[PDB]
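One structure is given here, and the rest of the page talks about it.
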Amino acid sequence: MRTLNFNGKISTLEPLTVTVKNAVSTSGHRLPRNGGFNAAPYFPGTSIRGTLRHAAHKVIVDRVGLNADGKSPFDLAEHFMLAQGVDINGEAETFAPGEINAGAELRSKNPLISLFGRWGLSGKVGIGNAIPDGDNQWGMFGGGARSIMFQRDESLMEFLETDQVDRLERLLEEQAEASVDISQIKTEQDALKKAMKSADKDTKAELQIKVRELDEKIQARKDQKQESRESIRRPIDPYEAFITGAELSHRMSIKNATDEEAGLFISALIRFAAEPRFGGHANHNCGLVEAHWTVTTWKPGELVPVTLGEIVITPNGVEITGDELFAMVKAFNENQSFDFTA
Amino acid sequence: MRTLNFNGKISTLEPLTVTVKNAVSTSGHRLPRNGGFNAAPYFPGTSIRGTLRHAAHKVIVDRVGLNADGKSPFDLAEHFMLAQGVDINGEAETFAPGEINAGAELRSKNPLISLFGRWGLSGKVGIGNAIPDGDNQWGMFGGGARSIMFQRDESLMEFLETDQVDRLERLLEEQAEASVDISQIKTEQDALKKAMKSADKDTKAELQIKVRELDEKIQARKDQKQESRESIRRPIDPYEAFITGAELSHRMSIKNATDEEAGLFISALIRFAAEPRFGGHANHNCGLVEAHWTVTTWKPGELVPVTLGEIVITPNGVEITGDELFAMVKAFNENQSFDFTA
Amino acid sequence: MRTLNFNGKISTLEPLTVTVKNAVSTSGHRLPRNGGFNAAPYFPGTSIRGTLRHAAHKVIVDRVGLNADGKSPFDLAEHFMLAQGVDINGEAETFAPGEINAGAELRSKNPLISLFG
Amino acid sequence: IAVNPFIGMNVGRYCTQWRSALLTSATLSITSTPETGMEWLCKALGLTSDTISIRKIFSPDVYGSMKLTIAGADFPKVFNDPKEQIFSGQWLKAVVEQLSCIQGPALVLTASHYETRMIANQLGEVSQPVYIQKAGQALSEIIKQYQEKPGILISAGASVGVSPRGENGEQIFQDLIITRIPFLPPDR
DNA sequence: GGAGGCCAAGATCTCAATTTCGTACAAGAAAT
DNA sequence: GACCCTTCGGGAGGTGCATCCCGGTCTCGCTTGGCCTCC
RNA sequence: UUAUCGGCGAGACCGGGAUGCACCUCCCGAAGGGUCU
Numbered sequence: 001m002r003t004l005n006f007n008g009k010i011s012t013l014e015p016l017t018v019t020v021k022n023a024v025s026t027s028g029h030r031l032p033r034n035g036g037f038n039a040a041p042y043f044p045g046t047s048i049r050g051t052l053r054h055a056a057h058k059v060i061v062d063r064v065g066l067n068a069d070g071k072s073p074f075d076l077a078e079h080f081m082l083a084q085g086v087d088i089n090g091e092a093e094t095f096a097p098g099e100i101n102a103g104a105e106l107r108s109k110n111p112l113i114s115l116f117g118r119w120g121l122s123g124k125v126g127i128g129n130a131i132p133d134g135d136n137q138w139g140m141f142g143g144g145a146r147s148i149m150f151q152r153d154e155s156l157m158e159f160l161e162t163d164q165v166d167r168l169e170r171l172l173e174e175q176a177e178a179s180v181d182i183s184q185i186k187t188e189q190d191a192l193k194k195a196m197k198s199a200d201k202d203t204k205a206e207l208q209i210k211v212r213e214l215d216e217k218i219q220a221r222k223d224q225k226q227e228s229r230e231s232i233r234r235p236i237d238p239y240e241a242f243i244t245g246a247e248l249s250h251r252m253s254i255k256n257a258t259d260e261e262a263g264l265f266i267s268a269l270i271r272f273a274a275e276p277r278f279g280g281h282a283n284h285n286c287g288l289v290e291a292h293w294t295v296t297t298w299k300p301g302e303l304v305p306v307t308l309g310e311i312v313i314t315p316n317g318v319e320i321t322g323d324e325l326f327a328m329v330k331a332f333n334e335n336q337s338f339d340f341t342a
Numbered sequence: 001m002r003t004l005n006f007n008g009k010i011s012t013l014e015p016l017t018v019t020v021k022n023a024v025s026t027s028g029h030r031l032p033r034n035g036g037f038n039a040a041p042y043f044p045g046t047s048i049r050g051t052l053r054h055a056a057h058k059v060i061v062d063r064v065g066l067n068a069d070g071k072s073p074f075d076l077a078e079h080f081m082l083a084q085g086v087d088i089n090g091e092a093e094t095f096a097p098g099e100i101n102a103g104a105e106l107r108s109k110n111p112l113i114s115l116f117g118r119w120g121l122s123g124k125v126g127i128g129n130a131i132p133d134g135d136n137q138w139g140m141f142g143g144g145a146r147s148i149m150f151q152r153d154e155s156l157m158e159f160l161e162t163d164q165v166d167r168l169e170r171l172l173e174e175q176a177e178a179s180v181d182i183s184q185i186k187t188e189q190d191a192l193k194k195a196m197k198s199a200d201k202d203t204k205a206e207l208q209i210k211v212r213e214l215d216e217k218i219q220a221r222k223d224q225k226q227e228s229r230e231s232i233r234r235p236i237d238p239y240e241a242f243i244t245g246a247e248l249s250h251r252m253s254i255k256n257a258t259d260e261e262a263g264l265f266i267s268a269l270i271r272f273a274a275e276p277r278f279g280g281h282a283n284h285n286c287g288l289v290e291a292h293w294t295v296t297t298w299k300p301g302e303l304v305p306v307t308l309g310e311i312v313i314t315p316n317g318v319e320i321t322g323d324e325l326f327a328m329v330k331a332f333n334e335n336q337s338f339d340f341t342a
Numbered sequence: 001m002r003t004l005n006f007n008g009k010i011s012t013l014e015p016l017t018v019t020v021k022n023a024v025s026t027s028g029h030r031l032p033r034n035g036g037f038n039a040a041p042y043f044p045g046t047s048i049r050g051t052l053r054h055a056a057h058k059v060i061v062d063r064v065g066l067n068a069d070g071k072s073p074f075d076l077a078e079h080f081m082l083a084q085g086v087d088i089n090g091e092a093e094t095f096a097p098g099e100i101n102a103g104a105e106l107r108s109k110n111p112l113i114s115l116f117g
Numbered sequence: 333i334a335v336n337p338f339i340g341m342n343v344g345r346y347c348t349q350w351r352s353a354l355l356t357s358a359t360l361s362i363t364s365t366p367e368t369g370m371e372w373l374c375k376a377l378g379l380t381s382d383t384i385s386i387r388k389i390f391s392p393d394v395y396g397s398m399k400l401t402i403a404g405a406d407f408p409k410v411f412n413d414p415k416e417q418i419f420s421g422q423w424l425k426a427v428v429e430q431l432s433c434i435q436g437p438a439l440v441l442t443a444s445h446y447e448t449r450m451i452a453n454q455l456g457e458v459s460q461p462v463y464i465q466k467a468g469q470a471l472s473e474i475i476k477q478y479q480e481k482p483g484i485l486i487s488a489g490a491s492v493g494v495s496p497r498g499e500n501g502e503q504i505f506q507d508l509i510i511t512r513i514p515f516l517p518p519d520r
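Protein sequence lines, in the order shown, are assigned to chains B, C, D and M. One point on numbering: in the deposited numbering, the residue at position 308 of the first sequence is 308, and numbering is uninterrupted. One point on numbering: in the deposited numbering, the residue at position 111 of the second sequence is 111, and numbering is uninterrupted. One point on numbering: in the deposited numbering, the residue at position 15 of the third sequence is 15, and numbering is uninterrupted. One point on numbering: in the deposited numbering, the residue at position 59 of the fourth sequence is 391, and numbering is uninterrupted.
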């Protein structure tokens with residue numbers, strides 16, 4: 001068992017963005033911040049870890065074998081336990097505290113669960129956050145605005161029947177009237193939210209009620225729009241993302257990694273390199289990354305770690321250089337004693 | 001169902017501009033900057049995605065065809081769903097447990113919606129940002145000034161009756177005195193725009209109220225102009241655009257692309273190549289591009305990608321290389337089982 | 001409804017200049033540069049578009065013809081709309097309902113506004 | 333050039349290479365403790381305790397007298413917005429108010445010549461002659477302008493170990509107004 | 001067949017609730 | 001083979017629209033006998 | 001320092017949709033000239 005540290009950089013091919021419920025607020029979309037509003041945003045280790053765990057789950061599904069017409073020989077409980085560590089059945093063998101070698105048999109038979117952990121079983125893999133290199137390297141990408149297709153180019157209107165043209169007329173008049181009414185209501189709402197700043201606690205209750213009621217008024221005003229519930233033409237709030245070519249330092253660790261588990265992890269990185277996507281806004285191709293990792297193992301009691309090799313994920317291929325990385329991959333590919341079932 | 005990466009370059013035959021609301025400010029039309037204020041501007045992947053989505057929508061409209069008068073069988077809501085992914089009828093539920101397996105059907109029947117997703121359906125296509133290769137490949141274009149026709153050319157005066165010449169006289173005197181009045185109140189408004197700078201918050205908001213009432217005074221002075229509500233002679237603010245011949249690296253991805261969806265994408269690229277216009281400023285012919293893409297596939301688990309072919313879009317034609325791209329295009333053209341009434 | 005691409009060359013019979021307000025500075029009159037100080041200057045598409053729009057306006061007033069005194073039937077507002085593209089009476093609004101599907105008919109009736117917008 | 337490559341290391345060997353280098357200053361300390369406060373010398377030139385001959389602070393006990401008046405937290409914020417270098421007007425009014433309340437010659441050490449110019453502009457010269465250090469001027473000219481007629485001397489920068497002392501030598505400014513701590517700009 | 005070794009029950013409950021560091025000057029050279 | 005003399009003034013916009021929603025966990029800080037294996 | 005001793009821990013992709021676009025001529029005026037095998 002070796003402790004492998006993948007220390008390396010994620011270069012950004014297309015902006016790297018993520019919406020975490022914690023970070024974002026009503027002020028707009030913000031990246032998860034390194035402890036403060038005026039801090040360097042980091043790409044969370046949670047998103048990277050989930051992407052790699054799903055890549056490893058697909059690696060396992062491929063490695064066992066797609067039988068039938070592509071259906072994998074795994075139930076839904078197994079897929080959830082392998083990819084998210086949640087047992088829907090509850091039949092997962094909960095290791096009562098104090099159990100010696102907790103899950104050692106499960107770790108030996110399920111290298112994936114050993115790597116990415118479960119409830120009551122520590123995951124050997126720790127996927128750290130990707131911290132950017134240098135000031136800036138983040139920006140408000142996306143954005144823009146929905147425009148009515150038929151108000152932009154008139155040729156598409158030759159493809160619309162008369163009744164559909166009158167439908168568009170009614171839809172736009174409805175959008176305008178709803179916009180004016182909702183905007184007046186929102187002006188009242190933001191004046192009320194300005195009255196928050198005069199924060200007398202006794203008033204705050206009456207203001208939260210008097211603003212959530214005005215937001216229900218907004219919802220009801222939208223609900224009576226026969227043609228379109230939502231205004232079709234509207235500016236898109238931009239999302240904060242790491243710019244293209246941004247260098248994000250990444251640290252990943254596998255504690256006490258067997259050659260089988262480390263080979264599974266390297267195969268997960270290999271399959272991730274096919275679709276090296278991190279985060280969301282994949283409609284704008286956000287998340288495409290090329291990443292290079294230096295694998296260094298550290299024998300405990302030795303003052304220095306030794307370098308096993310380098311994993312380079314690039315659009316031109318995966319360069320896994322190093323005798324020990326290939327040894328790990330071959331050992332994982334050649335071990336037939338993994339039970340991923342219940 | 002394989003991943004296709006279109007990695008390639010967009011060369012700008014004419015300047016390539018866009019005004020995205022967040023990027024633009026009181027200064028004027030400015031490209032999104034790829035980070036901070038001074039970072040290298042990029043052409044939004046949102047604009048490219050919208051242009052290609054509308055090209056694909058027109059491709060599908062032609063493929064289904066038109067009736068004798070030339071209208072399309074698609075309803076207005078179907079058009080909006082196809083080219084913007086908005087249900088005007090409001091039947092798109094976000095996370096309804098009954099759509100969990102609505103995916104494969106809605107994909108194989110509607111390759112366009114599968115490519116460009118909707119509210120609840122992830123788009124298979126990710127259209128990334130066009131990032132310039134070199135530096136100083138952008139500039140301020142369109143700098144001009146609208147000038148009175150009859151002052152630049154004196155012949156047009158002989159085309160106007162006496163009363164119309166007197167109307168032009170009144171309009172010129174109106175522009176002159178109204179503009180000196182507007183200039184006086186403007187230099188007062190920017191004098192106190194400079195004055196708020198060193199102002200406490202109370203007096204800050206007081207000077208912002210003074211600014212908004214001098215703005216309403218601007219509007220009122222404009223109203224009083226009976227000949228014209230707006231001035232006729234004025235310097236047009238230039239817009240920021242990528243230079244002619246600028247090389248922009250572009251990355252587009254089709255995740256898990258089936259043959260028909262990829263063929264629809266290639267047909268969309270061809271139809272966009274009929275009018276290779278990106279962005280706006282259609283006047284000044286801005287947006288015309290010559291783009292070449294290397295389509296590469298990456299089977300998950302493989303260490304290298306395989307270059308299926310190249311899609312070169314030039315003003316002299318569209319060249320598609322590789323048997324695979326042709327096979328995808330033919331598969332899309334020969335798949336008659338698309339029901340786009342989703 | 002066919003898209004025409006006029007791809008071609010302008011050979012300069014006599015020196016071609018333009019005073020773009022941005023491009024000029026207190027240093028001196030400089031042609032609008034294609035990005036940065038040291039790029040290759042271009043002749044703006046705005047100037048060519050204005051020249052061609054005034055040419056088309058003169059074409060249209062010539063085809064409509066002139067009365068005995070030689071005054072075009074159009075008014076000042078119509079001239080400004082046809083060549084200058086500015087509304088004197090305020091009859092121009094963006095994204096307003098009612099003009100949906102009236103644009104095609106107006107374009108057919110007014111080819112000048114159709115072309116130059 | 334800069335200390336980006338840790339150029340400091342170089343000069344550190346230089347001090348070693350001589351028989352002995354004696355680095356002294358009136359301000360060669362951050363704290364009153366030698367080994368906690370001189371560690372910026374222990375960390376910038378690269379000289380370390382082993383090679384450091386001594387690390388000490390010598391302060392007299394009875395040297396002069398001093399009354400301290402400091403602005404509290406409530407005092408108006410110096411910069412309404414520091415980035416574009418705008419000084420909040422409330423702080424300007426407070427500073428001029430406290431400057432005019434002085435009944436004798438004083439030495440105002442502002443941080444920037446820009447601060448010198450704004451404070452001079454905001455002052456109504458109600459007090460005895462106000463002497464101002466123009467941006468990029470020479471202090472000693474204002475020094476000898478000030479010896480002939482002591483008054484209020486607003487001189488940013490300056491200092492570098494100088495003092496507007498009189499002719500025979502005497503403290504000719506009972507007050508010294510440090511308007512703002514000269515906080516160095518952020519250097520990306 | 002008495003020693004481990006795992007597993008279920010025992011009736012009750014205290015208590016508490018959040019909005020953005022630092023903004024310059026010099027003096028003085030045998031040069032990189 | 002030495003200077004000349006460096007121009008004004010215009011005029012700087014108008015609107016539209018700012019989404020829908022998920023779904024917020026297990027624990028456990030002690031002792032005892034009952035039952036089940038089993039050296 | 002009214003004693004001595006005690007890692008709190010293990011799992012989770014927040015993602016899914018959008019062309020921001022639509023109009024403008026920046027032009028109007030001028031001799032750079034005269035001297036010397």
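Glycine included, every Cβ here is placed at the ideal spot set by N, Cα and C.
In angstroms, rounded to a whole number, what distance separates the CA positions of residue i and residue j?
i              : j         : result
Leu31(B)       : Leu16(B)  : 10 Å
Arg2(B)        : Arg251(B) : 16 Å
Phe338(B)      : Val318(B) : 26 Å
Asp259(B)      : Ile266(B) : 10 Å
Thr46(B)       : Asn7(C)   : 29 Å
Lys255(B)      : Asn101(B) : 15 Å
residue 343(B) : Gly117(B) : Since the displayed chain B opens at 1 and closes at 342, residue 343(B) lies outside it and no answer follows.
Assuming residue i and residue j form a contact by the criterion Cβ under 8 Å, report the distance between their Cβ atoms to the nearest whole angstrom.
i         : j         : result
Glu324(C) : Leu308(C) : 4 Å
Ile486(M) : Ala452(M) : 6 Å
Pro437(M) : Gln506(M) : 7 Å
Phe340(B) : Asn110(B) : 6 Å
Could you check what DSSP says for residue i in three-state terms: helix, strand or coil?
i         : result
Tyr239(C) : strand
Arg152(B) : helix
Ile513(M) : coil
Measuring only between beta-carbons, confirm whether residue i sits less than 7 Å from chain D.
i         : result
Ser155(B) : yes
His284(C) : yes
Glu173(B) : yes
Excluding the five sequence neighbours on either side, which residues of its own chain have a C-beta within less than 6 Å of the C-beta of residue i, listed in chain order?
i        : result
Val86(B) : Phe80
Can you list, in chain order, the residues of its chain whose CB lies under 7 Å from that of residue i, leaving out five sequence neighbours each side?
i        : result
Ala83(B) : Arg53, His54, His57
So, does the CB of residue i fall closer than 7 Å to a CB anywhere in chain M?
i         : result
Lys197(C) : yes
Under a CB-based cut-off of 7 Å, is residue i close to chain C?
i         : result
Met149(B) : yes
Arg271(B) : yes
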